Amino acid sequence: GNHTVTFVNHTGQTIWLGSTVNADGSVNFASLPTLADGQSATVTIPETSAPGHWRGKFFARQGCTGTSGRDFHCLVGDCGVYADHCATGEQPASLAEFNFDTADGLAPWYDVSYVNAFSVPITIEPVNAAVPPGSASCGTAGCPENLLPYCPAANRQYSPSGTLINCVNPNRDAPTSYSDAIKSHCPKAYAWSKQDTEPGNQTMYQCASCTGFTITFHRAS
């Protein structure tokens, strides 16, 4: 069947959901919801339709102002001038990444990625999971703790009003003091692109027997 994805906004401010999909035929949504603090919404992944898989990323855009189609713009994760969908790639932000695949008996795969940035904490937790006895599958990806306070000073980004709102990886492809701090506080997420080749890493998750996922964007201020 088709998996559901529930977005839960616990950040403390409004988020404008965005998504980017791989160039493999994965079908992107016409629009993704805007969530005031505390609100939630659920979408349905069209797995049963061609091409039978969905490889892509969800993220929260923050600090959005202006008019859609004209000057709409976000302080974190901007992906174009439209409030309801991405016209371009996104500026660096926390990512919830998925590989739904009806041809992969281990899918869906999921992970939290701070490779580009840590903006808000993300957890990805399966819904109605049936874990085989002894299996450690269907784990929760990511951690709830706000990691902005542990950001190296050189990688911090501030709102015009002076609030710390983002922590941007200076080198996505090699360990840095940025990735050291992220990994030290949450080993359950990507902090740099090839972390999943480190022995003992806890970056990747899959759950072959669930009805969907809950993506929670946790408190960030």
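When you see a residue number, it is the position in the sequence shown, counting from 1.
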query: Mean C-alpha temperature factor, higher of 119-127 and 134-142; finding: 134-142
query: Mean temperature factor over C-alpha atoms, higher-scoring stretch between 106-114 and 67-75; finding: 67-75
query: Residue selected from 170, 56, 33, 46 by maximal Cα B factor; finding: 170
query: Top Cα B factor in the deposited entry, candidates 19, 22, 209, 13; finding: 209
query: Modelled-residue ranking by C-alpha temperature factor, third containing residue 51; finding: middle
query: Relative C-alpha B-factor of residue 153, binned into the chain's lowest, middle or highest third; finding: highest
query: Relative C-alpha B-factor of residue 161, binned into the chain's lowest, middle or highest third; finding: highest
query: Third of the chain's Cα B-factor distribution that residue 184 belongs to, per the entry; finding: middle
query: Third assignment of residue 87 from its chain's C-alpha B-factors; finding: highest
